[PDB]
């Protein structure tokens, strides 16, 4: 009679919370999705081992089109768990799954876990200063999407930081790198010429948030576009004007150039 939406956290199998692990161990069935994101620091096997339950993996279609036929039926007579990387309900289409649950006479509860939305605080940028977020998508054929460029523009105009998620193709396990995202943005700037993203733009790169040894780098595009940030996934952040305290952290912790203390403050 109960469906538990349980977050797996940021990077590996230990990023799930104590509450989440125990509840998962008490469930009769366990489902999971790895299409919105992937636990780059672990494997399905390790997650299964830690929880001690077999895990039924669901595709994007299984979820969006048949959640009520695959997951909800079982939850009507048992305790069911639905695991997602990060914090449940952050992925924009997940909140609606609780509506489906209610409609099926199934109670649902949410077990939170660390999300990149809050984890980016490790960059030293004040969380309250972040504005609208966007995802950088690869162009395709005749389609050249650039909305993410406008998001950066509207945020920075008001001193707000912009968190940029990078395109990902889970099935094919192909991630977009920060370096690639920067190239794309430089190309979008050359078209809209709005003075939003150039070689002189300051950016921050966060890789492997959640691991004990994440990669936090800050600096100008011209110096980071070819730098090696390590294994995916990467997160790109275009900061707005900085509070001196944020700048001091980027310099001391993310190896940013002293220059930002006078140029971006």
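Numbering follows the first chain given and starts at 1.
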Can you tell me whether 74 to 82 has a higher mean C-alpha B factor than 130 to 138 in this record, or the other way round? 74 to 82
Averaging only over Cα atoms, indicate whether 236 to 244 or 46 to 54 has the higher B-factor in the PDB entry. 46 to 54
Selection from 205, 209, 225, 202 [criterion: highest C-alpha temperature factor in the record]: 225
Out of 95, 176, 125, 164, whose C-alpha atom has the biggest B factor in the entry? 176
Lowest, middle or highest third - CA B-factor, residue 263: middle
Name the third of the chain's ranked CA B-factors that contains residue 16, choosing lowest, middle or highest. lowest
Splitting the chain's C-alpha B-factors into thirds, which one does residue 151 fall into? middle
What third of its chain, lowest, middle or highest, does the C-alpha temperature factor of residue 104 fall into? highest
Of the three thirds of the chain ranked by Cα temperature factor, residue 36 occupies the highest
